[PDB]
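This document opens with one chain alone, in structure tokens, the form deposited in one PDB entry.
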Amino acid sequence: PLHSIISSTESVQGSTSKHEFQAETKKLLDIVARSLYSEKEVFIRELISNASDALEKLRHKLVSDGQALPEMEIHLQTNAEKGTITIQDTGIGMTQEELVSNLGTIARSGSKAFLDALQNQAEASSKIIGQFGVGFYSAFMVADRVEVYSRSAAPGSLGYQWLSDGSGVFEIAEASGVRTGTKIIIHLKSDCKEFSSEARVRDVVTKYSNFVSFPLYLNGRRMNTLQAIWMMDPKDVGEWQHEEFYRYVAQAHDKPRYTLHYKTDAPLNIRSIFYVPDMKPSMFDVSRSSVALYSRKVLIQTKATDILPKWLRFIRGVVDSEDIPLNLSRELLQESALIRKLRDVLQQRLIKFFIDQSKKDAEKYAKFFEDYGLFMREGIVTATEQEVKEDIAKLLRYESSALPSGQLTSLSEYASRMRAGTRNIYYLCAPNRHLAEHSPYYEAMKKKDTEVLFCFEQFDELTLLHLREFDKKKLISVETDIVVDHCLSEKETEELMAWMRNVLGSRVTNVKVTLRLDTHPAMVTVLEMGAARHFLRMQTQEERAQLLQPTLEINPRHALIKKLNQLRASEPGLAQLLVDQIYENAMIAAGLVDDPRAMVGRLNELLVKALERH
């Protein structure tokens, strides 16, 4: 069933004509005002941007000739009674020809011509936002009437008037009393009157245009009050400025424990600033990137592209980049190659910065780790490439047996002090270092003369098993090492073995004797012990025993096992409770108990009849 109608039989017959592409301006205005911007409030964000652009242009016109610089400010006025919003700038302005060519032509931007006329592309090319030519028409999203008083900064220009109802036709005229620059009056729509309120305009400006290059006033009072410290050199910004900027961006009243100021240009233009907070991460921090994109000092509002890896969501800051590709809606182009390389560069930069911070201050980095280790663990368990795995794992800090309590150690320094030819890193998980030292697995492991890391946090063995390799050395837990590795009389021991296997057949698939234990009555070993511990939390007792294979081990030298010999015959009934309690204790010590609430009654009725002789 493979048939096609594709053929090359067609050919040109008549003389070829020639035509020029046209454009339906009415439908273009409809598209811009209805089906371009998801958020209705961006119209001022464009306009303010335009204002800044104009001012930037004026600065060039006052730098090339080297003359005096008058006041350069942007003004927002709100008239609830008239239902209007006014955006005024003292920038270059626009003449008759400039108003007709720029305002009257869709996708025609005077900024692009201005940038191409710089002949340097180093002063205003990085500070001009307008690049499409449709930003102004977003004003028609909310306005049934746009009224522009524009006059140029040229010595002898005239005030000019520009009315448009947004219906594909606009009128122009000569106006008197117009101040140098451009003042746009927007008459709000019936349903868009909410933009004729002080609070809404203030919210939008603090959402989009806080860090414009020029002072910005709303209804009379300046509302910027905070320069963008991510633009100048890191040496020129102080600790107080860093703290204030962190307080603004993170919406928190504390200070940043870590500050990074990255400024790179060889791979791509990145001016980023990041802060790791002093306070412990909050519950909101764990839930999902807390870093705001900026392009020419205006917000992008991605909120979905994740310019920063998810595990690095605990840091707060900004990223500025003039190279990112923006769509017509002035939003980030999803799944862009440039944004992916930006994310990778930022991730590697932050990993390197954390490594240098660890080298610089041991105690401060130890505090940072005990605060934010869950994020690095999540990054390890969620990464794909082994290089990223190792880079994040270099940030881990686990205290080991070879060092005193409370002295955390890295994986790299642990590997730097192993034996000559052992490619094995051993880790043991316990709630506390005291239990780790007194863990049955560690006591069995004491036969081997090696150093073992101690893990106390949740999802830590899971992190180590996901890492699975560091510095070309395999990661094997103590339980896994015990499994993979290959008093009482013999007759009494064997008969006790048979009795326990008979009375624990359903729950234990194999019982054996371990002479490596000294202070623990019993041990539980599993093939994939680390994987089993995590799987048990994801998915009566025989149900888990089927897929767990709880290999039980007993120590004949322990007091309970020794007393079991007389407890099996004198009162065989209590011996069943005793061995069940020993099995449950070994289960709990192994971490293979979903909830110990079931064994409480068994333990209580063991205690009531165990010490009744007293």
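From 1 onward, residues are counted along the sequence shown. For clarity, a rigid core is taken as the largest C-alpha set superposing within 1.5 Å between two forms.
Below, we turn to the form deposited in another entry, even though it does not appear here.
Which single residue of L496, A383, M231, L411, after superposing the core, moves its CA by 2 Å or more between the shown form and the other one? Among the listed residues, the outlier is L496.
C-alpha of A173 moved at least 2 Å between the shown form and the other one on rigid core: After core superposition, the C-alpha of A173 moves 2 Å or more between the shown form and the other one.
When the two forms are laid on each other by their rigid core, does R468 show a Cα shift of 2 Å or more between the shown form and the other one? After core superposition, the C-alpha of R468 moves less than 2 Å between the shown form and the other one.
Tell me, please, whether between the shown form and the other one the C-alpha of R45 is shifted by 2 Å or more, with the rigid core used for superposition. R45 C-alpha, core-superposed: shift of less than 2 Å.
Compare the CA separation of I476 and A532 in the other entry with the one in the displayed structure, and answer closer or farther (the difference is at least 3 Å). Relative to the shown form, the pair is farther apart.
Between the shown chain and the other structure, the Cα gap of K310 to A532 differs by 3 Å or more. Is it closer or farther in the other entry? Residues separate in the other entry, at least 3 Å farther apart.
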